[PDB]
Amino acid sequence: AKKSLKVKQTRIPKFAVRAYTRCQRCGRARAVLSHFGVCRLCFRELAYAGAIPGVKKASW
Amino acid sequence: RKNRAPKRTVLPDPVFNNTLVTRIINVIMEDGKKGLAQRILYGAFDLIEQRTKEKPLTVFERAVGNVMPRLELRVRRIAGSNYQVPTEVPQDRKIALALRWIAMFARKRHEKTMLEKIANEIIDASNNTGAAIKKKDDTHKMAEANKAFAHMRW
Amino acid sequence: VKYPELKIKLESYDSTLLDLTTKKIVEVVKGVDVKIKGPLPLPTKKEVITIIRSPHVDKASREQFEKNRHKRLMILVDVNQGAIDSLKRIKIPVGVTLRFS
Amino acid sequence: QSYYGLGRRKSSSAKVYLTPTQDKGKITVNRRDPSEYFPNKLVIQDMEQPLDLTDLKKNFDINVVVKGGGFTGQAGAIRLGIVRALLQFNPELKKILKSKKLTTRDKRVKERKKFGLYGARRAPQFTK
Amino acid sequence: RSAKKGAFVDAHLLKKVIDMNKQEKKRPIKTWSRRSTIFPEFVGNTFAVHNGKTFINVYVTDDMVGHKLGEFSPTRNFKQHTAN
Amino acid sequence: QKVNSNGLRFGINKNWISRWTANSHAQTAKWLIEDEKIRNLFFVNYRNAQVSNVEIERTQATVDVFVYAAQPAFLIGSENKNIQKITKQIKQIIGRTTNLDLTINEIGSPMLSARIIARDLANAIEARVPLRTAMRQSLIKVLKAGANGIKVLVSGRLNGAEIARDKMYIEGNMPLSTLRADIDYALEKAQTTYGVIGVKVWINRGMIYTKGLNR
Amino acid sequence: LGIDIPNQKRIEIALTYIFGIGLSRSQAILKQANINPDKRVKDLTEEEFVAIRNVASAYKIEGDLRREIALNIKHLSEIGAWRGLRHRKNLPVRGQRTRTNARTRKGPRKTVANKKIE
RNA sequence: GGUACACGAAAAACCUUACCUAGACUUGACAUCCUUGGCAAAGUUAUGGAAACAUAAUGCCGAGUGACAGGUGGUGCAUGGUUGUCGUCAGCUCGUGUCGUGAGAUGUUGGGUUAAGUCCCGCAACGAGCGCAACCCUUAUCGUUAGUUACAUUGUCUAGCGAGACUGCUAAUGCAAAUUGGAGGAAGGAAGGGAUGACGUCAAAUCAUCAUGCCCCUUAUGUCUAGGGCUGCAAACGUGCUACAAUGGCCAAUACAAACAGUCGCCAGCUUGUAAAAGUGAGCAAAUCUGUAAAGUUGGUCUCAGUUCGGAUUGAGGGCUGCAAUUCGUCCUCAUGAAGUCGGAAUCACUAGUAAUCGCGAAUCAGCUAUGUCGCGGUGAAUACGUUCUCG
């Protein structure tokens, strides 16, 4: 049932009261932060490759 | 199979210029911060000297020397009963146990500010009023009862 | 003289790229523009993020990642336009940005 | 006459100034009261003790400013800075300066916290 | 009533309550969105309010005129406090 | 359990495949969602040229694309038609008014990027070439270019339900823990009539040393 | 109020647990009618205590606030509503868990057999 | 059970929401192609309605045709990817060839020597590779760099580089690894930390990061809107989170900020509401403007107590964003002062910044009884005989 979330992204949320953050490919609506707009699993796995600008394995 | 690892402590406190006072401050340290404990122990020593009129440092060191422990245990069972092997414990743990016993028995009163009761407990432990001296006496007596279990190797 | 005081903030997400950009700009604006200070830096705002590893279980199973940042500053009391004229010949690597504050 | 060293402790930095004088020691930092700006510590009197094993404590008025940390943080920072300024006077007393952990910065900061570890090393308990 | 509004205009439920009051107070209608906060003049009605299965004729209680119709409608059915 | 130190290798020991700076924390998500489509389309559409990597920079809806390929001749094509198609496709995919400039550069030992290696290995697996001989073909593809030691794995399904039968190649110095190692790891999800198969390659661009900082 | 003339300690403590006056309002009452939180006082002069009770009844009267709170609970419970059904079950209405939380409402360690159905 | 207990989910009045009910959408709510064009798809207030939806007006371009369109529904023994157990272990794998009649062994093992297959030495052995260290950042002394809005009693400060520390030297003592002492250096014995999980391992978990062969429904597992439930509840366990209190409660003067956080967020500053906050009004896209640093210091009280601990629960009054705060958001002002006065097995973190403790900022956001969680900062202990019971 991903098309519900997809069209809800396309269909205008009548107000800001409809709070949900998603990605155009990611189906989950949780922890898809506005800083990168992608799933936590997606983000961590692609960050093992180090492709996001300024994202490296943290060492303080 | 951990080998011997050295113990660590901190620098003395100018009220006595001894490490025992600072270690008591460390043990009684609430809010995780040593300023309150330092104030508590300073007032404790003031109330020690104003009671019975005796110098706080010798009283405190006599307390920690008469609470002095001399043992640690290694448990082992034969078939359904567990007994003890008395083992020589490093002096660091000995002084640590003495100071921790002093600290714990110092605050076991609920009548006034903690200052008077910690001073009174330090006085009692120095004057051998049984709060932790009995523990040393019992350890010395049971050192003639657990060495029997230490002798045979089951 | 073009601007009474130009505040150029060099903001980047690596120390090496920011230093390279700083040296490049401070060496190319000299000779066509005067009265520019050297590599004056700013305290940074590097951050750390932590993102889980397992799909559903063990929220504690996470990997930590660094969002590094490094900043330099120039306060140009005297500015010449030619300073930017050559800036397109040694074009800045995209790891660093220049903010005109 | 005016010496200027550096001192750090626990994310705390200090800028120090000493000058050979004949004062009583001038125990004050940030040029304000030590009663409340300095909380109850052991450094509040151990600040100018490193002056004893060096240029006399009657010299080197303590003129220090602080930045960052906590009441013992900038305290250690300023103590290290004052002894660093002392180093500029007589390095040949360093035999009893580096040994007392004066010229030595403890290389110590609060351990970074980790996910799962809401403190530094503490973790959830396992009571039944 | 949002703990911050004693007399506020809802602008989308006042019409229905006014029209119902325009006879005597004729209560039953089909309005059950929880976006409609009651206020002064919203005194006495029955709405076909939703629980999750059916729209029972829930009476908007006159005891308080600020707490919304969602409160007044029983929209829960627990285990009826069983030991299971 | 199975991790390669490549996120820390890319970014503080090397660069990123898509690097760009910004001052806002909102358009970053939009840019990162938009550029991945361009990267994937350029990868899938051009495999005859074996496009090694594409660098994307995005600043204020300004998108610039750079391309590095193992066989850049197919990018241009005969009578320079494919180059025009690529230019127009990239110009249109980034926006009607978005600027675009591109240059063609090559890399030493061109077939050293794990992306094209895994893609061609999957193609060989599903291109009448048996699994052992496809493994050998991938090994030659990395080796004959001029690259260092090779790690090749193919996990998933053999058109069955067994998980205790497979083959895997390790040849040479591939430290999974050395940050300064210049290792490229890529995976391909190949759709077979019985499931999805993961073809993974770890290829050494060269045992790099004394170069541990970003360039 | 007007009962329980203070003894054995200061007045800021006595009125903390009488309806309509708590710790903060006891402190306010003490600061208002010159109750003098001195070294130690148990019973002040009896010329201000009449005014003390008068200004304590100025704050919502103990007997009055008892009825106010009881009637408010009843009215929020007598209605046919969700808050009423949460009231009659002795479970929190602010919105809380009643699985293992909501205690002193579910009793102190009132462990029962949690039957599991598969 | 280890190997699910503030998990996915880093926030529920509509969504988040994945469920249900109702109203609606129908080659379709999503869509493609198809024909073909050029000004409208968008959009508004009505209006019946809960809006869905039909609706009238309106402001480079979009549409009917049928193939089909979308799948978070599982099948994790179909799997990819993903991490975790042992365990970041103390070892591991592979070739050459030799030794066995084949299973197999060898080296790779063993004596010295480490966190390590760390190395030496000896041995059918020879080496190649993996795991711990290794570049990386993080860390400290000095020298040095540019210079404001820094410092200024200045190249301090910030962020940039280098030196420096590698048992380095000396004495022991071991052919070796590597240990001890003194001093230099700030930091000496893998100078503090980690990054990466060796062979496997649980067909562990993941069909749901995305999917995915399989089936599963398509004018209906597809879709809009409205609502409710995930925070129900006889209750249990786990974790944090308030406590069971004079280091604590109240009153009064009272310091140091930081990974640092911040553009409609930080909001300087002014006024008022004893309060949530309101009104006024900069600046700050941040070394600039905030973000107070707090605990801690100073003195006084409460002088011992279901308790000046604990506002549990509960309610009166407003406050907040939010269309709307009710189930399913919350804050204070105020009030009840329950239970609990250290808790049965069963336990936990720990080798110095550790336990312990206190503040601050942040993603989430319309909102938060996220108290979480993340991160930082501050203050600041013991123990560690030894694996003896012990498990790995």
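As a convention, Cβ positions derive from the backbone with ideal geometry for all residues, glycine included, and neighbour counts pool all protein chains shown. Values quoted throughout were computed directly from the atomic coordinates according to the rules given, and no laboratory measurement underlies them.
Side notes on the structure shown:
Residue-by-condition table, conditions (1) part of a loop (DSSP other than H, G, I, E, B); (2) without any contact (Cβ under 8 Å) to a residue 12 or more places away in the chain:
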| residue | (1), (2) |
| --- | --- |
| B:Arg1 | yes, yes |
| B:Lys7 | yes, no |
| B:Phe16 | yes, no |
| B:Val21 | no, no |
| B:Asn26 | no, no |
| B:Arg39 | no, yes |
| B:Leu47 | no, no |
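- Qualifying residues in the range F:6-39 (those that are over 22 Å from A:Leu33 (Cβ atoms) and either more than 7 Å from chain A (Cβ to nearest Cβ) or among the β-branched types (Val, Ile, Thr) (or both)) - the one farthest from RNA strand H (Cβ to nearest atom): F:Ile38
- Scanning the range C:58-97 for residues that are near RNA strand H (Cβ under 10 Å from one of its atoms), surrounded by 14 or more Cβ atoms within 10 Å (Cβ to Cβ) and away from chain A (no Cβ under 14 Å) returns C:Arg72, C:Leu73, C:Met74, C:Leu76.
- Yes/no for F:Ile203 being in contact with a helix residue (DSSP H, G or I) (Cβ under 7 Å, 6 or more places away or on another chain) and crowded, with 18+ Cβ neighbours inside 10 Å: yes
- Identity of the residue in the range B:108-144, of a type in the set (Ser, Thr, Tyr) and over 14 Å from the mean Cα position of the chain (by Cα), that ends up surrounded by the fewest Cβ atoms within 10 Å (Cβ to Cβ): B:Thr113
- Annotation: of all residues in the range A:2-47 being within 23 Å of F:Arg9 (Cα to Cα) and within 6 Å of RNA strand H (Cβ to nearest atom), the one that is farthest from the chain's Cα centre (by Cα) is A:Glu45.
- Those residues of the range C:13-39 which are near RNA strand H (Cβ under 6 Å from one of its atoms) and within 15 Å of C:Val96 (Cβ to Cβ), in sequence order: C:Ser15, C:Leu18, C:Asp19, C:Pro39
- Any hit, the range F:71-87, residues being of a type in the set (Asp, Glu) and within 14 Å of another protein chain (Cβ to nearest Cβ): no
- Of all residue pairs spaced 6 or more apart or on separate chains, those with beta-carbon atoms under 8 Å, a first member in the range B:136-154 that is in a helix (DSSP H, G or I) and a second member that is β-branched (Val, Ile, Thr) are B:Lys136/B:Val67; B:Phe149/B:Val85; B:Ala150/B:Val85.
- Considering the range G:1-108, the qualifying helices (runs of 4 or more DSSP H), each wholly inside and each with 3 or more residues that are within 7 Å of RNA strand H (Cβ to nearest atom) and within 14 Å of another protein chain (Cβ to nearest Cβ), run over G:62-78, G:82-88.
- No other residue among E:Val58, E:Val49 is closer than 23 Å to A:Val17 by Cα, in contact with a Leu (Cβ under 9 Å, 6 or more places away or on another chain) and assigned to a strand (DSSP E or B) apart from E:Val49.
- Cβ-Cβ contacts under 8 Å between residues 6 or more apart (or on different chains), taken from a first residue in the range D:67-85 that is on the phi > 0 side of the Ramachandran plot to a second residue that is buried (at least 20 other Cβ atoms within 10 Å of the Cβ), are listed as D:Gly68/D:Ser12; D:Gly68/D:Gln74; D:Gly69/D:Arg9; D:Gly69/D:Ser12; D:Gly69/D:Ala77.
- Scan of the range B:78-105 for residues that are of a type in the set (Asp, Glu) and exposed (fewer than 11 other Cβ atoms within 10 Å of the Cβ), ordered by number: B:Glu88
- Each residue in the range D:4-32 was checked for being within 9 Å of RNA strand H (Cβ to nearest atom) and within 10 Å of D:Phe60 (Cα to Cα), and 3 pass.
- Selection within the range C:1-32 - away from chain A (no Cβ under 14 Å) and small (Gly, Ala, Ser): C:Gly31
- Some residue of the range E:17-25 being assigned to a loop (DSSP other than H, G, I, E, B), more than 7 Å from RNA strand H (Cβ to nearest atom) and either within 13 Å of another protein chain (Cβ to nearest Cβ) or surrounded by 14 or more Cβ atoms within 10 Å (Cβ to Cβ) (or both): no
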